[PDB]
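Trainee: Next up is a structure, given as structure tokens.
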Amino acid sequence: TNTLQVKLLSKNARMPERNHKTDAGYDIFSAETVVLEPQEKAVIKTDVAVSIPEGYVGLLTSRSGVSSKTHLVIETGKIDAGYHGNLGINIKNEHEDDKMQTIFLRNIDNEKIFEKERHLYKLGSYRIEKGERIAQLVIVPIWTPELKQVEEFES
Amino acid sequence: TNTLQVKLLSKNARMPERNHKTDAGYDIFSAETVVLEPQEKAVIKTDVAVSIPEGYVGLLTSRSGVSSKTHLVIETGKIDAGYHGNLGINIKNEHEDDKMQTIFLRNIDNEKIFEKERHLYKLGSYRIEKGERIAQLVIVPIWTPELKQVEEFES
Amino acid sequence: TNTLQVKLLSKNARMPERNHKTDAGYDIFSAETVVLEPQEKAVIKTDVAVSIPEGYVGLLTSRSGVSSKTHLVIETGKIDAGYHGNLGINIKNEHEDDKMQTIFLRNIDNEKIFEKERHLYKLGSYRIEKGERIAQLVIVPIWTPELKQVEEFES
Ligand SMILES: O=c1ccn([C@H]2C[C@H](O)[C@@H](COP(=O)(O)NP(=O)(O)OP(=O)(O)O)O2)c(=O)[nH]1
Ligand SMILES: O=c1ccn([C@H]2C[C@H](O)[C@@H](COP(=O)(O)NP(=O)(O)OP(=O)(O)O)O2)c(=O)[nH]1
Ligand SMILES: O=c1ccn([C@H]2C[C@H](O)[C@@H](COP(=O)(O)NP(=O)(O)OP(=O)(O)O)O2)c(=O)[nH]1
Ligand SMILES: [Mg+2]
Ligand SMILES: [Mg+2]
Ligand SMILES: [Mg+2]
């Protein structure tokens, strides 16, 4: 106990990292560079697996920085105990498609990505680089009792 | 203890079911067949009540399959201890209204619903059938202390 | 133990309040009157700080009433232990921008705000008043072990 196993599935993966000693969440990094157009969905790969013990659940969830600044919305993922597969970050660019163009992609701090080669993108598009802090994993204990069907409650 | 009471409110309701032994969430089924147009909201009825004991909270939340494949977004519901009412799934079709038509509704796996009778729908519309796994209930313990107002923290 | 410190940062702030004895969440009030146009984002200030102890995490999250009735979407905030700063409610008006006008703002119950002075707003705009129940704080215990890297899991 007091030990969580972590299995890196690739060279692109990075070990989960906790910001402070007091903090609750382990920050999670992307294993791939992805461009998301307005309204576009994706399951961004972490290339990290973990073995959550029985009587616990992981919460692969958004960071307040990224979610407040940008229209990148991560749907909180309920990481089951025993799931040793690749942790996917369930993400959607929730910026509106207003049929407008721009030479600037946007980073995860909602800042213009300057670049030498000029390219037209859809306005509201974002780019997430390889190995950026876009999510965090918070583990909490769970209650998994037997279900007893009843006609009325005892209270 | 180690027992959760479940009260079926209708013939349309189904008993909550856990997928595996190791898993954290009890999968929840719809009690009604619903069509959601783009941007349309609803509180889909489960027709299941539960008695969560004191010192716990239920999390009626999305499944990673349905949320990744489709624009159906369930807002996680905080199920209080003692709430013996009908569990509503708080859902919105977050697909954009782009003023386009199609003969195909979409199922919860983002697949075309073929049908003999031809009908025009709005593009991005979904249909959820009676008794489909669209949500899951994860129960976690909670901390409910007394609040003491202070001018500064003791740390 | 069984005591949470709460520090009001302003006269506009209100003490967090639990609805019932059995309930899990402490309801949180806005410290500022804010108008959110369609698609507009904000970090609405509570002007309340709290000292969550070690081995716990706060969940600053939406209420089922406000989220079901309106397109106001609060992204659940993961409140770390030791964070003594101002609690921001991470909110976005997820109503579509359909380029239409109206004389009516909308309140957090999705009801028309009548007013003597006539003003044109964008359709789907909301207003949140000073000191309205728009969020709730649920505290849960957490598991914060050491991470051990491994080539394969022990199971
Ligand atoms: O965001 C997520 C969510 C889940 N997952 C993984 C972890 C979890 O153990 C597994 C199953 O989660 P769900 O039960 O919520 N998905 P679903 O019920 O649709 O599929 P399954 O049939 O596997 O339960 O998917 C992710 O990688 N990312
Ligand atoms: O998605 C949900 C969320 C909540 N609920 C139920 C369970 C819970 O016990 C009850 C109250 O939850 P909230 O406190 O979050 N809603 P609100 O604070 O707006 O209303 P109330 O005055 O009842 O607290 O609503 C659902 O059925 N589905
Ligand atoms: O909705 C929120 C979410 C977080 N917070 C505060 C509480 C928490 O202690 C602090 C940090 O939360 P995150 O770790 O999720 N944000 P991020 O990882 O982007 O920044 P940091 O570098 O501070 O970790 O922000 C809010 O006030 N409102
Ligand atoms: Mg962090
Ligand atoms: Mg499942
Ligand atoms: Mg409440």
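To keep it simple, each residue is scored yes or no on (1) surrounded by fewer than 18 Cβ atoms within 10 Å (Cβ to Cβ); (2) not in a helix (DSSP H, G or I).
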site: C:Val43; (1), (2): yes, yes
site: C:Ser68; (1), (2): no, no
site: C:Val73; (1), (2): no, yes
site: C:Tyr83; (1), (2): no, yes
site: C:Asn110; (1), (2): yes, yes
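Trainee: A:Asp27 is checked against (1) away from ligand 5 (no atom under 16 Å from the Cβ); (2) at the interface with another protein chain (Cβ under 7 Å from one of its Cβ atoms) and fails just one. What number does that condition carry?
Mentor: Unmet for A:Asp27, out of (1) away from ligand 5 (no atom under 16 Å from the Cβ); (2) at the interface with another protein chain (Cβ under 7 Å from one of its Cβ atoms): (2).
Trainee: Quick one: in region B:119-155, which of the residues that are in contact with an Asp or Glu (Cβ under 8 Å, 6 or more places away or on another chain) and of a type in the set (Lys, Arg) is nearest to B:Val66 (Cα to Cα)?
Mentor: This residue is B:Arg133.
Trainee: Still on this structure: Looking at region C:47-62, which of its residues are of a type in the set (D, E, K, R) and either closer than 16 Å to C:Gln136 by Cβ or more than 9 Å from every other protein chain (Cβ to nearest Cβ) (or both)?
Mentor: C:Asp47
Trainee: Can you tell me which condition B:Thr70 does not meet? The list is (1) out of contact with any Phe, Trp or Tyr (no Cβ under 8 Å at 6 or more places or on another chain); (2) over 24 Å from C:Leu60 (Cα atoms); (3) touching a residue at least 40 places away in the same chain (Cβ under 8 Å), and all the others hold.
Mentor: Result: B:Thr70 fails condition (1) only.
Trainee: Suppose we filter region B:119-155 for residues that are within 13 Å of chain A (Cβ to nearest Cβ), closer than 25 Å to A:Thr76 by Cβ and in contact (Cβ under 8 Å) with a residue 24 or more places away in the chain; how many remain?
Mentor: 9
Trainee: State all residues of region C:1-26 that are surrounded by 17 or more Cβ atoms within 10 Å (Cβ to Cβ) and part of a strand (DSSP E or B); if no residue qualifies, say none.
Mentor: The answer is C:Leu4, C:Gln5, C:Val6, C:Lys7, C:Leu8, C:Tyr26.
Residue by residue, here is whether (1) more than 16 Å from ligand 2 (Cβ to nearest atom); (2) hydroxyl-bearing (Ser, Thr, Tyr); (3) within 7 Å of another protein chain (Cβ to nearest Cβ) holds:
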residue: B:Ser67; (1), (2), (3): no, yes, yes
residue: B:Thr70; (1), (2), (3): yes, yes, no
residue: B:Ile79; (1), (2), (3): no, no, no
residue: B:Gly82; (1), (2), (3): no, no, yes
residue: B:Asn90; (1), (2), (3): no, no, yes
residue: B:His95; (1), (2), (3): yes, no, no
residue: B:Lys99; (1), (2), (3): yes, no, no
residue: B:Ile103; (1), (2), (3): yes, no, no
residue: B:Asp109; (1), (2), (3): yes, no, no
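Trainee: Spot the failing condition for C:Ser64; the list is (1) surrounded by fewer than 22 Cβ atoms within 10 Å (Cβ to Cβ); (2) within 12 Å of ligand 3 (Cβ to nearest atom), and only one is missed.
Mentor: Against the list (1) surrounded by fewer than 22 Cβ atoms within 10 Å (Cβ to Cβ); (2) within 12 Å of ligand 3 (Cβ to nearest atom), C:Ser64 comes up short only on (2).
Trainee: Can you pull out every residue in region C:45-65 that is in a loop (DSSP other than H, G, I, E, B), touching a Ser or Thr at 6+ places or on another chain (Cβ under 8 Å) and either of a type in the set (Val, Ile, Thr) or within 16 Å of ligand 2 (Cβ to nearest atom) (or both)?
Mentor: C:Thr46
Please note: Cβ atoms are built from the backbone with ideal geometry, for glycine as well, and neighbour counts cover all protein chains shown. Throughout, read-outs are computed from the coordinates displayed, never taken from laboratory work.
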